[PDB]
Engineer: 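One structure, pasted below without further comment.
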Amino acid sequence: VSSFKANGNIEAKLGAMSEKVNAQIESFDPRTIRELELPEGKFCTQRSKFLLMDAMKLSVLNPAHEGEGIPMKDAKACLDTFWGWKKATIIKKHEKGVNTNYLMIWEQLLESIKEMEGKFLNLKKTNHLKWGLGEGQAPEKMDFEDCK
Amino acid sequence: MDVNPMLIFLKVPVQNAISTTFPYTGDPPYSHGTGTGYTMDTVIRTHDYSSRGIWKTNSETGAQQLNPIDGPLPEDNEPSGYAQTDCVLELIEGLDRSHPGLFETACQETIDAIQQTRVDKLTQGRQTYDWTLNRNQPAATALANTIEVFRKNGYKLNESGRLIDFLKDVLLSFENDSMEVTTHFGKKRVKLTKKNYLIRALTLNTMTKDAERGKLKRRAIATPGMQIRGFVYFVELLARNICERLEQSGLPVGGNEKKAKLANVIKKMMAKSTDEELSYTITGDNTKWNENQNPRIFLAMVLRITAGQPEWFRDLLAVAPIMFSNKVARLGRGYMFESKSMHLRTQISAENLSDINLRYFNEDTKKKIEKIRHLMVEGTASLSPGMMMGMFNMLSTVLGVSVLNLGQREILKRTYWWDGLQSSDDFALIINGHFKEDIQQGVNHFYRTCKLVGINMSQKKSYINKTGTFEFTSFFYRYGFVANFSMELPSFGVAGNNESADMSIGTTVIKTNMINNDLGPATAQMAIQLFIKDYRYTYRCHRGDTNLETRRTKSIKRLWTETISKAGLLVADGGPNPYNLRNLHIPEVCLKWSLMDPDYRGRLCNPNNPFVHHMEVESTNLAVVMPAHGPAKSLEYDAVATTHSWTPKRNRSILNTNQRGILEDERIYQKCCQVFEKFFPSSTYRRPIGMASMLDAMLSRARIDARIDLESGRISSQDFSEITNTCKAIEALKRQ
Amino acid sequence: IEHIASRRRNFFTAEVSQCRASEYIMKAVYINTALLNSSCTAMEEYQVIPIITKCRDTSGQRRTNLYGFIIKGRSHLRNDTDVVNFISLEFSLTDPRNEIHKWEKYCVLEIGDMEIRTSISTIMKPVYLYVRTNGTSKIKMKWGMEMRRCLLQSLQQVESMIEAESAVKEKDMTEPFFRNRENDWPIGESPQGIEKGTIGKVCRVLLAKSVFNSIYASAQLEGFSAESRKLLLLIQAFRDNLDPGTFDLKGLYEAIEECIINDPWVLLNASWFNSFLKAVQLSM
Amino acid sequence: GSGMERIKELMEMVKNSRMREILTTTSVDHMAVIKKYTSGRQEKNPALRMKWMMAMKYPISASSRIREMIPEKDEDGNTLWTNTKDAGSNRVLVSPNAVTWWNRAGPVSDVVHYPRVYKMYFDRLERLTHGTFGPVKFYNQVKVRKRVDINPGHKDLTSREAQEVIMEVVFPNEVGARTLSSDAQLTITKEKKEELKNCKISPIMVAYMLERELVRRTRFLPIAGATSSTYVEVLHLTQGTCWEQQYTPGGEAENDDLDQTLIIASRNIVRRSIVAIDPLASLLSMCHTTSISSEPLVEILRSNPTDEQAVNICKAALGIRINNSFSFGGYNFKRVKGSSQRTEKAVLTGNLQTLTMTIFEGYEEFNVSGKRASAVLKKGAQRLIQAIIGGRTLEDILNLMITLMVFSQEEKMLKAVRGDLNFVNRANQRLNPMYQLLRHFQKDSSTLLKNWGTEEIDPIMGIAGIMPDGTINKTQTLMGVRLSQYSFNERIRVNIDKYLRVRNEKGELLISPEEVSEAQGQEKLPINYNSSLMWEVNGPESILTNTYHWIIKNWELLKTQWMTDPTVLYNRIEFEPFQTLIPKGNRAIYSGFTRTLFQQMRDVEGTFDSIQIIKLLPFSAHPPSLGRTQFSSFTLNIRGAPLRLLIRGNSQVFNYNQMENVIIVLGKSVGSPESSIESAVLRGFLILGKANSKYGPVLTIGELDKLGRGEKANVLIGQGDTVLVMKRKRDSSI
RNA sequence: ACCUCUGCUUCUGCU
RNA sequence: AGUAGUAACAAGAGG
Ligand SMILES: CN1CN([C@@H]2O[C@H](COP(=O)(O)OP(=O)(O)OP(=O)(O)O)[C@@H](O)[C@H]2O)c2nc(N)[nH]c(=O)c21
Ligand SMILES: Nc1nc2c(ncn2[C@@H]2O[C@H](COP(=O)(O)OP(=O)(O)OP(=O)(O)O)[C@@H](O)[C@H]2O)c(=O)[nH]1
Ligand SMILES: Nc1ccn([C@@H]2O[C@H](COP(=O)(O)OP(=O)(O)OP(=O)(O)O)[C@@H](O)[C@H]2O)c(=O)n1
Ligand SMILES: [Mg+2]
Ligand SMILES: [Mg+2]
């Protein structure tokens, strides 16, 4: 390296490298290019964390009730604006779910609200609610030696 | 009508609305679980690109080492590591000839640096592979561990405090028959074999890169240990010193300075061109830059750059490339397995991959393991080729620039020529010539020359157009740089340092963006409003007259009801927002100073408060931020230290581990350092120098402080005697 | 300049505050904030979180809105990607059975009836509850908490277009842009062709884009956006008469295309790119 | 008990074997490492982590002593602290309610030192409170990236001088061996030492703030106007993409900044005036209308002692007495007799570096005075013929010698540069050759001194000598260097003619405008010319954009005038600034070319092209001169770098963008106006369309003369294109 | 059962 | 189940 002196080194190896090693330019004309191809499969489905356009609100105007600012109080006040309840039925199944459990979570929820007292509401860990929240679904963790 | 935002581009040039193509209002991608798959991927690909080279078994580690240098020339456009020593040398010689005296100067500066650098320079890294534990640790902790284990095994030249002496210890440590370390079962002494130790010394730990934008799929990064880091540091310093004097280098200049340099290069180029020449620019990127760089080539570069220099320095700088030629990669955390039938899950280690049954793995991973098996050595993978991500950014830059440097008319004497700018693997190449055929030939000459030195232009990532517009590392040029405000969107929020630091950072971000990224005044005003709301919610410091309920409401309400001049309350104390465009550069405490009840002000700014955790001048009013793109940056901010300058609690997970003992060691160390500073306050500003023990210095200082205090009358004669007495008792107690 | 900025800001604050995208922002900020704090403080509790926003009519009155409820699962969230499971339960008048592919993960219940009267008589409408298991993480909750930054992405671009015209005209074009209410930017497509909108519309469209980027953040979106940007840039170079060339256009198309996998937002963005390309082709 | 509590603590620690082991076996040096020993990691996502922790009851870590200093529970029953130790320390976990408690009800200290310690911060607010706002204007302006100062009120110290000073001020007894040479250092120390006595703010913050204050800091920023630090500080407020908010910060200017701005203003005025029909009248007009930060330029010129060629031309015009000198290296240089002339040439340094450099060639004599030293100098072309030098100290005589050796421009100093010295910054920006050399040889002259030589001195004793040592020596000296000891400061009445030539009462030529530096600098302070002769928007880039924007916006009127009355168009006053961007030697030919081409467009009907007209129009504005030169471009000097504007089609400087339908000048839109035959590219020829090998080989441009009326060719016209031209059968007179 | 600890800490690199 | 997406979470560790 210390005595190195260049003398056509690059030129020589450029002359020994196949023409297949190149960066040929292709003229780019957006008039002759194709549209992107989209994947195929089942139709895409909603994955927001909350409803968007299909949402419906229960509203109270100029709220004044005791606890204005406390979420669950505001929530009770909003609920109170709806008279037209009826026995919940399932009308569109979660095909991979235990649809029964969802019905029961709602019924549990509504009841627990109507009965609630205080500012926060924590629900009982029923079997239907556990299921819906993946309670115990983590596999039990073991040493490899013991399950190999 | 269906709304389509992309249709704006029918009227507005893409660069002028580029901001909209950056979706940086959402969470960036993260890996979950192991990176071992990504590590195997890079190991495999790196060998694949060099596969037609020569295999050898390393005499010291037993590692299988692939050498593609001076290998067969590329035969197609696939990424190649077949770099040719003589071609690299020609390029570096070309760089020497274009810049007489540059190598000599950069060497001279590097030598001075080697003489002056303190061992503690290595504390400046982030997470570092710690061979004494076979786990990552903070850089300073990793340094201390190496120093301690070295001295217990008889290496202590580093006691000099000089980095170069620590470097000597490192090389000398490889002669040891069996390096002793201690593991925690209580405490057990473990003896590494000479081979074990060397393998750990040559290790880069690996993990996956999180929070990287713009990519579907993840990749692996690496962290070297302390044996490597001191040597790499000096190679990269030398390379930096060179890059600073190359008109074609994009490093280490940052944002505005980088843009100024690029604009100058275009201006230069155009002045040097004739009016009859065409000019095209490649917006350029390279395929798998790091995997196709080669330590053997870096060794050549270092020897050639340092030609004529003292042999000790040449050999010292050659260490980093040699170590990289002999490196191994830890394979990461392994994999997890699951049994549907038995609802269970388990962790296997990377080390298990040497000999685990292959039935557990998907086909892809089984193939990876099969390929990697012949490389595995005491739990690691041999990786002679490649450099791994970002290890020699500057030296690799020197290689790319050397190709740019070739494009001078008086060297080529062709119907074309080129110049440009390069930063790592990113480049803008400007090619000039009389006809389009000249441009094509020039582009082919540049591309093929790059191939001869293991630089592989990414065909699918690069494009070409007539000079006037181009992109360079997310800077868009349309006859001059335009703004890209969206790059910065993630920095608009609450930084999470503390209440004082965050107010200052938040207002500064707005201001900086008004100056640099065309953040208009109305949006800047709205940015102030949005920041203040987020700060108030984050820190639960809603204005004192509001009726939100938090754990802080009652105490802030009292402060409010009791305050006379409410306009003087800091926002974090439930006060109003004072900020508008005109005062963004004024620290809140200054801005409100004249409006503060004197008692609040005297409390807020009480220097005796227990909240502010001062440490070091050099790290005062410094935050770390992670930009959307690129490395972590230190951020200076302007703020008065108050009770709002507090420190959040530390992680406690280590309490549940065998490493909990470390917490105790830290506490002891800190206690010793704190008391030291009660005797040497200047040590918080600059680092104190000396071979004297901490205790001896404190004793000498107490005595002579007590004597001056006596004469000057700050202290009684009784007090004074007790001080000298306490000193004598300490003197004595120090003899068991 | 502060006075100038506030006048333009009032234009902006209007357009954006009344935009439906801003409703989603507030839902997202409220939900993620509540879920993060609950996740941290109540790790063992199945805690209930009402989905609330508060707004004012243009007619000036405050209103509190309830959309439904979230039930939080346990939440020993350690790594930043660690998941909290939760149930969402959300009111709607939309019958899902008309578009079931939109609702694969949901169990929709019928829970009541809602009145509508007029004159000759009235009509009762069923009230549905859209129920589903879902999940999120500390990283996703943090970003959701910050969704107000979407306002800046839109308004900065809008303000840059106002400023660009203002420089050439040598005066503040804010009022002309907001009031001359002439259709001066292509922002959509009808069956007849390309439709133009005012700067107000551009603001809301760019805001919606930004908000959707945040709701539907993905690696697919990241890769799609970065790779498709190169193709946008190549088109622009052609339209600027700068004689652009590629080295492996096929490989560039494959790099874009592999990022379009299953995400509805990325699928639509890909479709938009195609529409843009066709419209540009037609104009040449 | 000053010292009492800390020694007792130390006693207790040494009673523990572990702590004693550490304190006896850790060098002061090694403390630097163990100080950072930790299991704690630098948070990698602090934003997320804070949002998480702020939900928790006890997220804050506070000193153990909090437990003694505040209640455990507050009035509302909030727990404020707990006894849980934070991992890795003796700090304890506390509530944010503890911070509020402290701020409402904790101990009240006095804050007298706060303003002084945080002066750098408070000064910001002072400047703003006393600032004045003018109007906002809307326009496009190029904001060019340069390095600018960012901290008003620094004391221009290096980091090592600052450290030294701060060590003396804050930690005097830990200073070590060496102490402060500089007197600047010493008076700062005393001032600061006096300001900060009895100060109880943490010394960490005091050192931090002193370091921020005392050291000059810079940054690269896009900046259109005043570059002074007090203006940089409010760049977000005064500059936008399309606007300027006129503003004056409260407080005094620096004398340095004013002097610097005065020179820039005066040069700008001189350069603008030289291109007017009556330079002196135009210069006086501008002098009388111009202000620097609302101060009339006339008053500054009367009261300001700056000696500079353009400044002095302005002083002469105004009847102000001048000291016929300039500044260099802090020394003032009066030319007694002789003269020389500016010529650039290539120059290899001993650094090993090529460099264009303006070098003065000719015989000259200089009286030189500084505040501590003085000399007589005789000069040739890079010739130090002789330097007779005096002053207070040896030191001060030395420092002037260095300066004069460098000022000579001698080869021996050229080829005595050693180590790192470059003539372009990191950003590729050309730097001042002579100031670079001066700063170098003031760092270290040892090579220079040894490379110079010596000389044997006579017995006319009194003509003393100085040795390559720096030593006082009787028989030997350096080469041309001697030592010895009314009216050097004295200001003279001069006269000035219509073309700005300045002469004494005796009528000898003292200053000519061609001796004024061509460097386009950026003013530290705002200049308002308030003049019909100057664009309202300052700067060279702005001359370009303003001129083209103005043509376009007035295009309807200007077009009719191009058709009906060209000569009145060409002579319009709005084109004069633009003339200053054209090299002096090219103005006439560029004009002749342009007028000819424009006449051709008229003669050859159907070949009107408004863009071509707009583009070339400003080049019409000089008495024409016909020639044989075809131009493929015109050169413009912008910031001392030539840009070339292509005659045919678009260039980096000037291009029409079809897609936007705008003209773009230096990257800025300046708005829009809204057959194959090209009449206004070549003098005498027409372009018909694309090349045709029918009519033979492709000729250069500079090979077209050898054709004849009606005869054609193929031409490499520029930017890679080949075209079919025809020599015209009749040509146009203009 | 139940008890205890942990919520970035066996995994976040480089100029 | 659900989140997600090239490998994880769906509590871990210890008693
Ligand atoms: C070696 N020099 C330098 N010099 C004068 O030195 C003065 C300042 O030095 P300079 O390096 O030219 O700076 P200047 O061009 O003013 O700086 P700027 O870059 O701001 O334009 C000029 O006015 C110039 O005339 C000289 N003047 C004469 N007559 N003869 C000389 O030999 C020399
Ligand atoms: N050493 C180092 N280089 C980095 C880092 N981040 C980015 N780079 C380099 O800087 C380049 C510019 O990054 P960007 O253009 O902002 O992003 P990108 O997604 O890689 O680039 P595009 O292809 O333009 O979308 C990268 O392509 C790398 O070459 C980093 O953390 N360390
Ligand atoms: N976070 C990052 C990103 C990039 N790099 C460095 O920058 C180089 C170029 O980055 P990039 O172009 O993104 O990747 P390549 O390795 O070139 O691979 P490819 O372009 O084929 O994806 C990398 O090889 C590596 O040396 C790094 O160190 N850290
Ligand atoms: Mg790359
Ligand atoms: Mg890259």
Side-chain angles (χ1 to χ4, degrees), chain B residues 15 18 21-24 28-29 38 41-42 45-46 49 77-81 126 204 206-224 232 236 239-240 243 250-252 254-255 258 283-294 298 324 386-397 399-400 421-428 450 454-463 470-477 484 486-488 490 625-633, chain C residues 219 222-233 248 251-252 255-256 259, chain D residues 44:
Chain B
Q15 292 89 345
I18 203 65
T21 69
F22 284 82
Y24 294 184
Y38 304 124
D41 292 344
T42 188
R45 266 206 298 287
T46 294
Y49 296 150
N77 287 317
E78 290 311 305
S80 144
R126 298 206 154 71
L204 293 92
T206 68
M207 54 287 307
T208 138
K209 175 64 181 189
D210 290 318
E212 166 186 67
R213 292 282 193 184
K215 297 178 196 311
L216 175 61
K217 301 186 178 186
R218 307 289 75 66
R219 55 178 162 189
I221 46 166
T223 177
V232 187
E236 281 290 284
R240 186 183 175 259
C243 282
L251 303 167
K258 214 174 290 167
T283 291
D285 189 275
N286 290 285
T287 307
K288 300 296 179 287
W289 177 253
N290 74 84
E291 300 171 1
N292 291 300
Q293 292 298 312
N294 190 280
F298 289 158
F324 266 79
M387 73 172 185
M388 309 196 88
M389 289 264 286
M391 284 301 103
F392 296 83
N393 300 303
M394 303 308 295
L395 190 64
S396 68
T397 297
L399 186 55
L421 189 134
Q422 184 132 3
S423 163
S424 158
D425 102 312
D426 310 287
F427 67 97
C450 287
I455 291 172
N456 301 276
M457 189 180 79
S458 169
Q459 297 87 348
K460 63 198 206 180
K461 285 175 58 174
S462 303
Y463 55 87
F470 71 86
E471 188 269 357
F472 186 106
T473 69
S474 281
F475 306 156
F476 301 84
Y477 188 96
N484 187 12
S486 287
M487 178 59 66
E488 303 307 310
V625 295
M626 252 305 201
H629 296 212
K633 270 194 163 195
Chain C
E222 287 295 328
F224 171 83
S225 299
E227 300 298 345
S228 64
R229 187 190 302 123
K230 303 195 213 294
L231 199 53
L232 288 167
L233 287 161
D248 182 17
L252 170 60
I256 300 158
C259 299
Chain D
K44 59 189 205 315

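Below, chains carry the letters A, B, ... as their sequence lines are ordered, and counting in each starts from 1. As a basis for the values below, the full set of heavy atoms in this structure was taken, side chains included, without hydrogen atoms, waters or symmetry mates. Order of listing sets the numbers, starting from 1, for every ligand and every atom in it.
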Engineer: Test your reading of the structure: does B:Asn286 have an N or O sitting under 3.5 Å from an N or O of ligand 3?
Structural biologist: yes
Engineer: Do B:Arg213 and ligand 2 have an N or O pair less than 3.5 Å apart?
Structural biologist: no
Engineer: Is any N or O atom of B:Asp425, backbone or side chain, closer than 3.5 Å to an N or O atom of ligand 3?
Structural biologist: yes
Engineer: Quick check: does B:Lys209 get an N/O under 3.5 Å from an N/O on ligand 2?
Structural biologist: no
Engineer: For atom 20 (O) of ligand 2, what is the nearest protein heavy atom, given as residue, atom name and distance?
Structural biologist: B:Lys215 NZ, 4.0 Å
Engineer: Could you state the interatomic distance from CZ (B:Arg219) to OG1 (B:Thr206), rounded to the nearest 0.5 Å?
Structural biologist: 14.5 Å
Engineer: Hey, what do you get for OG1 (B:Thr287) to CG (B:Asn77), rounding to the nearest 0.5 Å?
Structural biologist: 9.5 Å
Engineer: Please write down residue, atom name and distance for the protein heavy atom closest to atom 23 (O) of ligand 2.
Structural biologist: C:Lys230 NZ, 3.1 Å
Engineer: Using every non-hydrogen atom in the two residues, find where B:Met487 and B:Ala628 come nearest and quote the distance to one decimal.
Structural biologist: O-CB, 3.5 Å
Engineer: Of all the heavy atoms in B:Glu212, does at least one lie under 4.0 Å from an atom in ligand 2?
Structural biologist: no
Engineer: Short N/O distance, under 3.5 Å, between B:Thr287 and ligand 3?
Structural biologist: no
Engineer: Give a yes/no verdict on whether any heavy atom in B:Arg219 is under 4.0 Å from an atom of ligand 3.
Structural biologist: yes
Engineer: Search all heavy atoms of B:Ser462 against all heavy atoms of B:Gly284 and return the closest pair with its distance.
Structural biologist: OG-CA, 3.6 Å
Engineer: Which of these, B:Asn393, B:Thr473, B:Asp426, has its nearest heavy atom closest to atom 27 (O) of ligand 2?
Structural biologist: B:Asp426
Engineer: Heavy atom of B:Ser424 under 4.0 Å from ligand 3?
Structural biologist: yes
Engineer: Using side-chain heavy atoms (C-beta onward) and a distance below 4.5 Å, is B:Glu212 in contact with B:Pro29?
Structural biologist: no
Engineer: Begin with the C-alpha distance, continue with both residues' side-chain angles, and end with the deciding distance and a verdict on ring pair (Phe, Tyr, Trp, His ring centres under 6.0 Å) for B:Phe470 and B:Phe476.
Structural biologist: CA-CA 6 Å; B:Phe470 71 86; B:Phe476 301 84; 9.7 Å; no
Engineer: Indicate whether the side chain of B:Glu291 and that of B:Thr42 have a donor and an acceptor atom separated by less than 3.5 Å.
Structural biologist: yes
Engineer: With nothing but distance in play, are any N or O atoms of B:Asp425 less than 3.5 Å from an N or O of ligand 2?
Structural biologist: yes
Engineer: Under 3.5 Å between any N/O of B:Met388 and any N/O of ligand 3: does that happen in this structure?
Structural biologist: no
Engineer: Using protein heavy atoms only, decide if any is under 4.0 Å from atom 32 (N) of ligand 2.
Structural biologist: no
Engineer: Quick test: of every protein heavy atom, which one is nearest to atom 6 (N) of ligand 2, and how far off is it to 0.1 Å?
Structural biologist: B:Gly630 CA, 3.5 Å
Engineer: On a heavy-atom basis, which atom in C:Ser228 and which in C:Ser225 lie closest, and how many Å separate them?
Structural biologist: OG-O, 3.4 Å
Engineer: What protein N/O/S atoms are found closer than 2.8 Å to the Mg ion (ligand 4)?
Structural biologist: B:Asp285 OD1, B:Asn286 O, B:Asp425 OD2
Engineer: Calculate, to the nearest 0.5 Å, the distance between atoms CD and CG belonging to B:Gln422 and B:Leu251 respectively.
Structural biologist: 9.5 Å
Engineer: Enter the distance from B:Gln293:CD to B:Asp425:CG here, rounded to the nearest 0.5 Å.
Structural biologist: 9.0 Å
Engineer: Are any of the protein's heavy atoms under 4.0 angstrom from atom 10 (O) of ligand 2, yes or no?
Structural biologist: yes
Engineer: Between the main-chain N or O of B:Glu471 and the side-chain N or O of B:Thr283, is there a donor-acceptor pair closer than 3.5 Å?
Structural biologist: yes
Engineer: Return the minimal non-hydrogen interatomic distance between B:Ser424 and B:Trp289, and the atom names on each side.
Structural biologist: O-CZ2, 3.5 Å
Engineer: Hey, does B:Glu212 come in under 3.5 Å of ligand 3, counting only N/O atoms on both sides?
Structural biologist: no
Engineer: Using a 4.0 Å heavy-atom cut-off, which part of B:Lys461 comes near ligand 3: side chain, backbone, both, or neither?
Structural biologist: side chain
Engineer: Within 45 degrees of the ring normal and closer than 6.0 Å to the centroid, is that where the cationic atom of C:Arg229 sits relative to B:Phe22?
Structural biologist: yes
Engineer: Are any of the heavy atoms in B:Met389 under 4.0 Å away from ligand 2?
Structural biologist: no
Engineer: Give the minimum heavy-atom separation between B:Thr223 and B:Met207, together with the two atoms involved.
Structural biologist: CG2-CE, 3.7 Å
Engineer: Under 4.0 Å from any heavy atom of B:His629, which atoms of ligand 2 are there?
Structural biologist: 14 (P), 16 (O), 17 (O)
Engineer: For C:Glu222, run the salt bridge (charged side-chain N to carboxylate O under 4.0 Å, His left out) check against B:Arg218, B:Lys215, B:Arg213 and tell me which one passes.
Structural biologist: B:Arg213
Engineer: Can you list everything that forms a side chain to side chain contact (heavy atoms under 4.5 Å, CB included) with B:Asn292? Sequence neighbours excluded, please.
Structural biologist: B:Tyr49, B:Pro79, B:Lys288, B:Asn456
Engineer: Show me which atoms of ligand 3 lie under 4.0 Å from any heavy atom of B:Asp285.
Structural biologist: 12 (O), 20 (O)
Engineer: Any atoms of ligand 3 less than 4.0 Å from a non-hydrogen atom of B:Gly390? List them with their elements.
Structural biologist: 25 (C), 26 (O), 28 (O)
Engineer: Does the protein come close to atom 4 (C) of ligand 2 - that is, does one of its heavy atoms sit below 4.0 Å from that atom?
Structural biologist: no
Engineer: Taking the six-membered ring for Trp and the full ring for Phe, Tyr or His, determine whether the centres of B:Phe427 and B:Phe472 are under 6.0 Å apart.
Structural biologist: no
Engineer: Would B:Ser474 count as a contact of ligand 2 if the rule is a heavy atom under 4.0 Å away?
Structural biologist: yes
Engineer: What is the minimum heavy-atom distance between B:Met389 and B:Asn290, and which atoms define it?
Structural biologist: SD-ND2, 3.4 Å
Engineer: What protein heavy atom sits nearest atom 24 (O) of ligand 2, and how far away is it?
Structural biologist: B:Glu471 OE2, 3.3 Å
Engineer: Taking atom 1 (N) of ligand 2 as the reference point, report whether a protein heavy atom occurs under 4.0 Å from it.
Structural biologist: yes
Engineer: To the nearest 0.5 Å, tell me how far D:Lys44 NZ sits from B:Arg126 CZ.
Structural biologist: 13.5 Å
Engineer: Nearest 0.5 Å, what's the CG-CE distance between B:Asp285 and B:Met457?
Structural biologist: 10.0 Å
Engineer: Are there over 12 heavy-atom neighbours, none belonging to C:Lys230, within less than 6.0 Å of that residue's NZ?
Structural biologist: yes
Engineer: Name the closest protein heavy atom to atom 2 (C) of ligand 3, giving the residue it belongs to and the distance to 0.1 Å.
Structural biologist: B:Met389 CE, 3.6 Å
Engineer: Nearest heavy atom to atom 22 (O) of ligand 3 wins, so pick from B:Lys288, B:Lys460, B:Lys215.
Structural biologist: B:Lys288
Engineer: With a cutoff of 4.0 Å, is B:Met387 in contact with ligand 3, counting heavy atoms of the residue only?
Structural biologist: yes
Engineer: If we only count N/O pairs under 3.5 Å, is B:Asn290 in contact with ligand 3?
Structural biologist: yes
